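Sequence first, structure after; it's an experimental one.
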Amino acid sequence: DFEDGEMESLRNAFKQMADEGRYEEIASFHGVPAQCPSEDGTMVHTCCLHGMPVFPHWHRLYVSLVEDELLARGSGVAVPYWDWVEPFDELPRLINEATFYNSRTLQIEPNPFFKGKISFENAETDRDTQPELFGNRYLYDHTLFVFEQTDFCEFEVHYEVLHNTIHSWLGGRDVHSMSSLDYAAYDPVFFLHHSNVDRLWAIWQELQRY
Amino acid sequence: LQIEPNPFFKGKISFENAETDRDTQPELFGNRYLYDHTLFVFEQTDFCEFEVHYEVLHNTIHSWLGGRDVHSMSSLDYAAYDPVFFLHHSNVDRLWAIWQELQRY
Ligand SMILES: *[C@@H]1O[C@H](CO)[C@@H](O[C@@H]2O[C@H](CO)[C@@H](O[C@@H]3O[C@H](CO)[C@@H](O)[C@H](O[C@H]4O[C@H](CO)[C@@H](O)[C@H](O)[C@@H]4O)[C@@H]3O)[C@H](O)[C@H]2NC(C)=O)[C@H](O)[C@H]1NC(C)=O
Ligand code: CUO
Ligand code: CUO
């Protein structure tokens, strides 16, 4: 439901976040350079929480964080949710094409949402979209069964497996992509994904109110 | 076993330190008029009559493929640096080829 203005402003704000240091600094919270030794600690682990019921919470905050700094970079709107529950013949416009036309500069420029840079390994996030991603309506039924959940933890497990799905379909075969937990955050679509996931959680909460 | 950059996606213009880009005009998609255009190109008995319609027809795609960017297919200057160029022109050549054989018939 975006407009050309909102999209170009989102692209620009995020760009400002991108050529400067920041977004990588945020993606490193989830990503492969590990920061979390515990409990003694004997070894170090990645910081993001994934087996636990507090998986949503964590990632919830993640999106919050990035959106905050997005807005502070002059974004007209907060981070949108990309609803993949509805089947699609193509990828969303914002993230799909490698280059967008800049109206203000009157020139074609690289879409910041196409790929994120991983400079500490001197690589870039790539995407190999599995054909299973395009057009399947199974996600509808799956989210439906996620919402059925009275208990919070049942909710959480189905919620998070369902969330794993998109990661897998989108960044399938490359090592530096959405599919591998280590490098998943560096691909901007991450928060575009995890806001949407968050939305689902939000809905459930409201359902629970009912 | 890894995903790599497509060589055909963009050519690089290193003497001006840029890369070819593409702003695809919406008319390029689902254009069925090109059919009839080509048909009128074939109709020509004389060579120059063939050449002019053939080449305007050829200009069409150049224009609509890399429209708005300066370093692109649309500008005659940098059009060659986009790989699609020969992919384009071979097809252009094919048309001429057909015409040649037509002329034989
Ligand atoms: C809160 O965050 C801070 C910083 O984000 C974090 O401190 C950092 O911890 C990491 C470890 O998780 C440190 O990173 C290491 O730094 C050393 C050099 O100082 C490197 O040698 C390490 O390389 C690894 O691999 C080597 C083999 O190739 C091993 O020999 C080595 O043991 C390492 O496994 C690794 O990059 C980082 O230096 C600190 N930085 C700071 C500012 O202290 C802190 O741990 C976090 N606190 C909590 C409680 O989580
Ligand atoms: O959140 Cu940890 O990545 Cu989907
Ligand atoms: O011919 Cu189309 O390129 Cu000079």
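Cool, the structure landed. Residues are numbered from 1 along each chain as shown, chains lettered A, B, ... in the order given. Ligands and ions are numbered 1, 2, ... in the order given.

tell me the centre residue of chain A?
Geometric centre of chain A, nearest residue: residue A:190, 1.7 Å, by C-alpha atoms, centre = their mean.

For that residue, pull up the helix or strand it's in.
When elements are assigned from DSSP states H and E, residue A:190 belongs to helix A:189-209.

Quick check: residue A:75 touching residue A:7?
No. Counting by C-beta atoms under 8 Å, residue A:75 does not reach residue A:7; the two are 11.0 Å apart. No exception for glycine: its C-beta is placed from N, CA and C like everyone else's.

what's the neighbour count on the residue in chain A that ligand 3 sits nearest to?
Nearest to ligand 3, among the residues of chain A, is residue A:108, at 20.0 Å (C-beta to the nearest ligand atom). Applying other C-beta atoms under 10 Å in any protein chain shown, we find 22 residues neighbouring residue A:108.

ok, back up a step: distance check, the closest residue to the residue nearest to the centre of chain A other than its chain neighbours against residue B:101.
Distance criterion C-beta to C-beta, 6 or more residues apart in numbering or on different chains; nearest residue to residue A:190, sequence neighbours excluded, is residue A:184 at 6.0 Å. Counting by C-beta to C-beta, to the nearest Å, the separation of residue A:184 from residue B:101 is 56 Å.

now residue A:47
From residue A:47 to residue B:101 the distance is 68 Å (C-beta to C-beta).

One more: residue A:89?
For residue A:89, the distance to residue B:101 - C-beta to C-beta - is 39 Å.

Tell me where chain A has helices.
A:4-19, A:22-27, A:55-72, A:93-96, A:138-147, A:152-170, A:189-209 (DSSP state H).

my read: residue A:142 touches residue A:160, true?
No. In this structure residue A:142 lies outside contact range of residue A:160 using C-beta under 8 Å: 11.8 Å.

quick one, what contacts the residue in chain A positioned nearest to chain B?
Nearest residue of chain A to chain B: residue A:108, at 4.2 Å (C-beta to the nearest C-beta). By C-beta atoms under 8 Å, 6 or more residues apart in numbering or on different chains, the contact list for residue A:108 reads A:99, A:100, A:101, A:102, B:21, B:22, B:23, B:68, B:69, B:72.

which residues does the second one bridge with?
With DSSP bridges applied, the residues forming beta bridges to residue A:100 are residue A:109.
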